[PDB]
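Each remark here refers to the structure printed beneath this line.
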Amino acid sequence: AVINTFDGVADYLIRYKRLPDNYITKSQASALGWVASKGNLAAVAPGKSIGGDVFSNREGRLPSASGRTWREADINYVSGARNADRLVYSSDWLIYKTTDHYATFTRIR
């Protein structure tokens, strides 16, 4: 089984201060032949989900602080093209979920 639910992943983040072992960054996926247009994440990195990439919070929908940066993890991913479910977690353990690819967020941790 994998941990890849909003709540499963969020609780993993706050307890272990890292993403579950089924996450790999966009850079590490690319290193294995992942290409977004190709929809091939499961073909090159079976079982894996993208996460850990920096989320820049460009429009400030999320709260800022000095030293706080934000990161994303993909939620409910299995195969093919990526979806609209993300966690965004901050370096001091704020956790917001979005179900619409960062358009709107709800704080959950």
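We name chains A, B, ... following the order of the structure tokens; residues begin at 1 in each chain, and ligands are numbered from 1 as shown.
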Discussion item. Please list as a VMD selection string every residue within 8 Å of segment 18-31 of chain A, counting only C-alpha atoms and excluding residues in the same chain fewer than 6 positions away.
Written reply: chain A and resid 2 to 3 9 12 41 44 to 45 47 to 53 73
Discussion item. Env of residue 37 of chain A: 12 Å cut, atoms = only C-alpha atoms, seq-sep filter 4 positions within chain, self excluded. Answer as a ChimeraX atom specification.
Written reply: /A:33,41,80-82
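With distances taken over only C-alpha atoms, A:46 is the one residue among A:64, A:46, A:69, A:102 lying closest to residue 34 of chain A.
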For residue 104 of chain A, find every residue with an atom within 12 Å (counting only C-alpha atoms), except residues of its own chain fewer than 3 positions away, and show them as a PDB file with N, CA, C and O atoms, in the first residue's frame.
```pdb
ATOM      1  N   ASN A  57       4.479  30.192  -3.587  1.00  0.00           N
ATOM      2  CA  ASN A  57       3.379  30.980  -2.965  1.00  0.00           C
ATOM      3  C   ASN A  57       3.343  32.445  -3.527  1.00  0.00           C
ATOM      4  O   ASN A  57       3.240  33.429  -2.749  1.00  0.00           O
ATOM      5  N   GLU A  59       1.396  34.430  -5.286  1.00  0.00           N
ATOM      6  CA  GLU A  59       0.260  35.349  -5.068  1.00  0.00           C
ATOM      7  C   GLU A  59      -0.094  35.564  -3.584  1.00  0.00           C
ATOM      8  O   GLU A  59      -1.063  36.240  -3.268  1.00  0.00           O
ATOM      9  N   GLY A  60       0.708  34.983  -2.685  1.00  0.00           N
ATOM     10  CA  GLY A  60       0.407  34.962  -1.227  1.00  0.00           C
ATOM     11  C   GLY A  60      -0.928  34.396  -0.776  1.00  0.00           C
ATOM     12  O   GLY A  60      -1.561  34.901   0.168  1.00  0.00           O
ATOM     13  N   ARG A  61      -1.412  33.350  -1.424  1.00  0.00           N
ATOM     14  CA  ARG A  61      -2.639  32.794  -0.923  1.00  0.00           C
ATOM     15  C   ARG A  61      -2.358  32.177   0.450  1.00  0.00           C
ATOM     16  O   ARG A  61      -3.269  32.095   1.298  1.00  0.00           O
ATOM     17  N   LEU A  62      -1.112  31.747   0.655  1.00  0.00           N
ATOM     18  CA  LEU A  62      -0.676  31.167   1.933  1.00  0.00           C
ATOM     19  C   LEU A  62       0.079  32.196   2.752  1.00  0.00           C
ATOM     20  O   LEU A  62       0.694  33.087   2.197  1.00  0.00           O
ATOM     21  N   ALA A  84      -5.085  17.341  -9.538  1.00  0.00           N
ATOM     22  CA  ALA A  84      -5.229  18.688  -9.007  1.00  0.00           C
ATOM     23  C   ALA A  84      -5.066  18.675  -7.463  1.00  0.00           C
ATOM     24  O   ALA A  84      -5.241  19.707  -6.823  1.00  0.00           O
ATOM     25  N   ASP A  85      -4.802  17.490  -6.883  1.00  0.00           N
ATOM     26  CA  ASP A  85      -4.670  17.358  -5.444  1.00  0.00           C
ATOM     27  C   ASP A  85      -3.246  17.518  -4.947  1.00  0.00           C
ATOM     28  O   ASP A  85      -2.350  16.762  -5.290  1.00  0.00           O
ATOM     29  N   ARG A  86      -3.049  18.534  -4.122  1.00  0.00           N
ATOM     30  CA  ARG A  86      -1.742  18.808  -3.569  1.00  0.00           C
ATOM     31  C   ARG A  86      -1.872  19.041  -2.066  1.00  0.00           C
ATOM     32  O   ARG A  86      -2.876  19.579  -1.602  1.00  0.00           O
ATOM     33  N   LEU A  87      -0.873  18.602  -1.310  1.00  0.00           N
ATOM     34  CA  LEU A  87      -0.574  19.251  -0.054  1.00  0.00           C
ATOM     35  C   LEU A  87       0.480  20.302  -0.287  1.00  0.00           C
ATOM     36  O   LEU A  87       1.435  20.088  -1.022  1.00  0.00           O
ATOM     37  N   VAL A  88       0.326  21.424   0.378  1.00  0.00           N
ATOM     38  CA  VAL A  88       1.418  22.385   0.529  1.00  0.00           C
ATOM     39  C   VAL A  88       1.778  22.521   1.987  1.00  0.00           C
ATOM     40  O   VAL A  88       0.952  22.878   2.812  1.00  0.00           O
ATOM     41  N   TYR A  96      -1.516  22.867   4.222  1.00  0.00           N
ATOM     42  CA  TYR A  96      -2.748  23.222   3.548  1.00  0.00           C
ATOM     43  C   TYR A  96      -2.931  22.237   2.419  1.00  0.00           C
ATOM     44  O   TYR A  96      -1.955  21.824   1.797  1.00  0.00           O
ATOM     45  N   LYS A  97      -4.179  21.828   2.195  1.00  0.00           N
ATOM     46  CA  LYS A  97      -4.554  21.021   1.047  1.00  0.00           C
ATOM     47  C   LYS A  97      -5.263  21.915   0.044  1.00  0.00           C
ATOM     48  O   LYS A  97      -5.887  22.940   0.421  1.00  0.00           O
ATOM     49  N   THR A  98      -5.103  21.563  -1.214  1.00  0.00           N
ATOM     50  CA  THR A  98      -5.884  22.148  -2.308  1.00  0.00           C
ATOM     51  C   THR A  98      -6.368  20.956  -3.156  1.00  0.00           C
ATOM     52  O   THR A  98      -5.633  19.930  -3.271  1.00  0.00           O
ATOM     53  N   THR A  99      -7.602  21.066  -3.716  1.00  0.00           N
ATOM     54  CA  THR A  99      -8.189  20.063  -4.604  1.00  0.00           C
ATOM     55  C   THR A  99      -8.343  20.642  -6.034  1.00  0.00           C
ATOM     56  O   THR A  99      -8.844  20.006  -6.975  1.00  0.00           O
ATOM     57  N   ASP A 100      -7.811  21.834  -6.202  1.00  0.00           N
ATOM     58  CA  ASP A 100      -7.946  22.507  -7.468  1.00  0.00           C
ATOM     59  C   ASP A 100      -6.621  23.148  -7.896  1.00  0.00           C
ATOM     60  O   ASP A 100      -6.590  24.256  -8.373  1.00  0.00           O
ATOM     61  N   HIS A 101      -5.520  22.402  -7.725  1.00  0.00           N
ATOM     62  CA  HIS A 101      -4.229  22.814  -8.202  1.00  0.00           C
ATOM     63  C   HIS A 101      -3.917  24.241  -7.783  1.00  0.00           C
ATOM     64  O   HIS A 101      -3.671  25.081  -8.623  1.00  0.00           O
ATOM     65  N   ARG A 107      -6.381  25.040   5.295  1.00  0.00           N
ATOM     66  CA  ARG A 107      -5.353  24.620   6.281  1.00  0.00           C
ATOM     67  C   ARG A 107      -5.824  23.331   6.970  1.00  0.00           C
ATOM     68  O   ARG A 107      -6.952  23.261   7.362  1.00  0.00           O
TER      69      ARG A 107
END
```
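Here atom CA of residue 65 of chain A stands at a distance of 10.2 Å from atom CA of residue 91 of chain A.
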Item to complete: Please identify all polymer residues within 9 Å of residue 93 of chain A, counting only C-alpha atoms, omitting same-chain residues fewer than 3 positions from it, and present them as a ChimeraX atom specification.
Response: /A:13-14,17,89-90,109
Fill in: Non-local contacts of residue 54 of chain A (7 Å; only C-alpha atoms; under 2 positions in same chain excluded) as a PyMOL selection string
chain A and resi 52+56+70-72
